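The form deposited in one PDB entry is given below as one chain in structure tokens.
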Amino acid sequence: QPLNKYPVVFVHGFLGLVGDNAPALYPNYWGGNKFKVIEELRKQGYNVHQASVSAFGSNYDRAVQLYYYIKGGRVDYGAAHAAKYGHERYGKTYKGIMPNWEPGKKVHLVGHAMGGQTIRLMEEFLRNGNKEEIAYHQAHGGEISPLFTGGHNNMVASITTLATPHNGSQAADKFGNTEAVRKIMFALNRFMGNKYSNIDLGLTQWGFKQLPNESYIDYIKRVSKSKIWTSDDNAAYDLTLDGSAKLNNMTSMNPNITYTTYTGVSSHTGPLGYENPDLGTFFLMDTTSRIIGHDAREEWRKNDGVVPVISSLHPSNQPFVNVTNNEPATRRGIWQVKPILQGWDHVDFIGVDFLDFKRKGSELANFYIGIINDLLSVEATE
């Protein structure tokens, strides 16, 4: 008899692993130890879920996977897409969080970081389809994912993003999308798809799963021919300013959806004008914070360690309204931009910063409850 009418689905970001796909030393993504988001919200009688999608994949690959996580079924990336980039057309097959999902049965979407981008792309497919795949199916018949088809409306009540780089991050452009870092990440993925590998890093469609009677040397040889080593079809490219601007250019406001965003700052101004990470910013984003904070362009400097403020507030070409923290946030068709959370870094939003004693568990519980309240407001208006 769950307290919320429409299921809330939490979508993780760029290096996210959840539930049983998360290795033992890797922290619990949604809330760390500070506030176990899924477990606690269920205990208070809300129907909430934790989507599991590709950790290194493109927003495209991930948006397809999100739909199959919700609906159930075998992941189909689309024949045209597959062919264009050089990966497998079909992926893993999900049970489904609601096999019933269709117009009239709504879902709430909350994304952390890249999850916010993934949410947006999935909804665009539901509503307007994918031109390229529709053309391809027109020519070559066969099957087509309903995701690619268009006309699916009233499937999502709300899109709410937490520290999402709507306008990219220069931490991707300057580090991270470089050949040097992509090669390291892809080797990790190669290794992690060995025949004994417990976990799945999200790039198995590119070949990164060792077959059962195939030697590790043969595996390496096979997969060295993959187009992944050079493709834009991966998270690192989508997180760049260009990548993210592409997503912005082909998404748009649903007049019926309730849009809302949150943002952290965790950097402070030096004498010069440039921006450095506060003590208490998760030490792993120290470098990225500095790259962003030392941008030539003043507006692009304040950041949460990994994504600049101007990127998190809203997609830049899409309509928005600044909103105070306690007003009901129930306005449809427009990005409702919440006040910047002072001293929250990128990862404070999900409570995994075990070193930050100044960001307490009860504060995190309030932030999440606060989101659930807003979702109830959406439910309670039409």
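Numbering starts at 1 and follows the sequence shown.
What comes next is about the form solved in complex with a small molecule, which is not displayed.
The closest heavy atom approach of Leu17 to the small molecule in the bound PDB entry falls within 4.5 Å. Using a 4.5 angstroms threshold between heavy atoms, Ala82 stays clear of the small molecule in the bound PDB entry. Using a 4.5 angstroms threshold between heavy atoms, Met192 counts as touching the small molecule in the bound PDB entry.
The shortest heavy atom separation between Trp335 and the small molecule in the bound PDB entry exceeds 4.5 Å. Though the small molecule is absent from this view, in the bound PDB entry it lies within 4.5 Å of a heavy atom of just one residue from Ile134, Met253, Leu188, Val107, which is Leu188. Proximity to the small molecule in the bound PDB entry, defined as a heavy atom within 4.5 Å, holds among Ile310, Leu241, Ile199, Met98 only for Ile199. Segments offered: 313-321, 23-31, 336-344, 37-45. Contacting the small molecule in the bound PDB entry at heavy atom distances within 4.5 Å is 23-31.
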